[PDB]
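Visitor: This is the structure I want to talk about, given as structure tokens.
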Amino acid sequence: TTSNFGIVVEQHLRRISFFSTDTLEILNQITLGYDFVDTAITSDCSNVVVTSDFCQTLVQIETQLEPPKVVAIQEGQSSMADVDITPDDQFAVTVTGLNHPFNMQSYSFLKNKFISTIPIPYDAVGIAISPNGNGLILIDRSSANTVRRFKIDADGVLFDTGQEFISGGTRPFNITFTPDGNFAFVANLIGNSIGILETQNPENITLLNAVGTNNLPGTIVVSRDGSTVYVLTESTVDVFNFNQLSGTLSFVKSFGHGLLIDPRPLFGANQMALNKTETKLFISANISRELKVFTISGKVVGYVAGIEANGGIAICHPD
Numbered sequence: 004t005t006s007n008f009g010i011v012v013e014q015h016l017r018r019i020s021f022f023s024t025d026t027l028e029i030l031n032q033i034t035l036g037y038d039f040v041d042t043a044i045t046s047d048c049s050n051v052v053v054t055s056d057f058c059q060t061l062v063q064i065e066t067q068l069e070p071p072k073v074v075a076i077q078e079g080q081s082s083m084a085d086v087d088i089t090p091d092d093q094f095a096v097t098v099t100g101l102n103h104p105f106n107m108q109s110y111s112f113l114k115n116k117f118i119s120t121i122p123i124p125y126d127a128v129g130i131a132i133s134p135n136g137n138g139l140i141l142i143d144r145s146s147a148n149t150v151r152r153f154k155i156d157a158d159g160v161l162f163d164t165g166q167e168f169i170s171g172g173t174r175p176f177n178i179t180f181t182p183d184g185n186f187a188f189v190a191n192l193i194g195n196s197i198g199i200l201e202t203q204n205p206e207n208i209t210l211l212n213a214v215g216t217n218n219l220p221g222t223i224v225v226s227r228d229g230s231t232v233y234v235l236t237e238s239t240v241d242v243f244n245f246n247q248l249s250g251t252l253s254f255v256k257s258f259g260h261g262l263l264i265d266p267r268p269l270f271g272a273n274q275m276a277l278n279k280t281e282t283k284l285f286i287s288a289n290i291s292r293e294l295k296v297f298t299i300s301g302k303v304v305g306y307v308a309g310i311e312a313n314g315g316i317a318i319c320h321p322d
């Protein structure tokens, strides 16, 4: 029972790998022959979820044994890409990938089945569930340069509020909450800016402002105290400080990962994660097909052996 590990998708091998945060070597490689996209992991740290696009199949696996044991394989109504889990670990929620129709789908970890399905707009990418427990869901709408607000209840039933909000810049692509659920950050992919939304009151969401970034911001990682924010770019990681009273993101510095990556074809899937000691960044390079590890200061620390990165990435974080 170790909690120094993570999981990464390799879409072209129709495979996934578990790797150690410590040694930086593979742990277990499960090959199921699906169209894999993104992953989530549980608070508990005990169960994982992987999605698939054209295969429209979600797989669930238990992580605490000799070799990792997959335990459910369900097909959804339609395709799947970004995933988040509710903060209580009871449900997993999925958003559309490339092939239509376009639906949001929730899945019960207890019942090991899907529970609700609702249609989402054509331009929908990225998903984020608030850690409050208030059950607010927000997704990006890339062509309407707006973000839309959804609901999931205690049962897993999904709802469409049809409330949309400016994203700050243009081509909103990925969203990430603060650990307390009071702000959300939207990566605006051509706008080259992060948007910042007031989400403490989900009946009254508002955009406050937007700070700019290097070319082509993909994924937002935020440290567990909420004061440091890391953004994955075509060429760099950017770090900002966040000020939780005034709602202001302040640039600190950037460093270049020297990797080839391209968010677009992974529909909102996080290609970066922080170890449990928020001391190092793990990056999943789409196109260099490498899992590189850096320190948050930019120091490169080394890559993992023989993983052809291609898709989402998640690291173990108990809490």
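Sequence positions in the sequence shown follow the deposited numbering and run 4 to 322.
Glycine included, every Cβ here is placed at the ideal spot set by N, Cα and C.
(1) Less than 8 Å between the CB atoms is what I'm expecting for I178 and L141, so what's the real figure, rounded?
(2) Taking only runs that begin and end inside the stretch 134-218, name each unbroken beta strand (DSSP E) of 3 or more residues, in chain order.
(3) Measuring alpha carbon to alpha carbon, tell me which residue in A308, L139, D91 and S23 is nearest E206.
(4) Round the Cβ separation of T42 and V86 to the nearest angstrom and send it over; I've been treating them as touching at under 8 Å.
(5) From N50 to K72, what does the alpha carbon distance come to, in whole angstroms?
(6) Is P268 helix, strand or coil by DSSP?
(7) Compute the Euclidean distance between the alpha carbons of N148 and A75, then round it to the nearest angstrom.
(8) By the DSSP assignment, the beta strand (DSSP E) with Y110 in it spans what residues?
(9) Which residue from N185, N137, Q67 and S196 puts its Cα closest to that of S253?
(10) Report all residues from its chain with a CB closer than 7 Å to the CB of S82; omit the five preceding and five following residues, and keep chain order.
(11) The beta strand (DSSP E) spanning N7 covers which residue range?
(12) Can you tell me the Cα-Cα spacing of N31 and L248, whole angstroms?
(13) Spatial neighbours of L263 within its chain, please: C-beta separation below 8 Å, excluding the five flanking residues on both sides.
(14) Report the residue from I19, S6, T5 and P220 whose alpha carbon sits nearest the alpha carbon of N313.
(15) Measure the CB-CB distance between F8 and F22 and report whether it falls below 8 Å.
(16) Just mark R267 as buried or exposed, buried being the case when its beta carbon has 16 or more other beta carbons within 10 Å.
(17) Between which two residues does the beta strand (DSSP E) carrying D41 extend?
(18) Short check: CB of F176 to CB of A187, under 8 Å?
(19) Name the one or two DSSP bridge partners that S119 has.
(20) As an exercise, report each continuous beta strand (DSSP E) stretch of at least 3 residues that is fully enclosed by the stretch 221-303, in chain order.
(21) Can you give the beta carbon distance from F117 to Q77, rounded, assuming they're within the 8 Å contact cut?
Guide: Let me spell this out:
(1) 6 Å
(2) 139-144, 149-155, 161-169, 175-180, 186-191, 196-201 and 209-215
(3) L139
(4) 7 Å
(5) 10 Å
(6) helix
(7) 36 Å
(8) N106 to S111
(9) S196
(10) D56, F57, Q59, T99, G100, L101 and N102
(11) Neither: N7 is in no beta strand (DSSP E) and is coded neither H nor E.
(12) 43 Å
(13) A288, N289, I290 and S291
(14) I19
(15) yes
(16) exposed
(17) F39 to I44
(18) no
(19) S109
(20) 223-225, 231-235, 239-246, 251-259, 275-277, 283-288 and 293-298
(21) 6 Å
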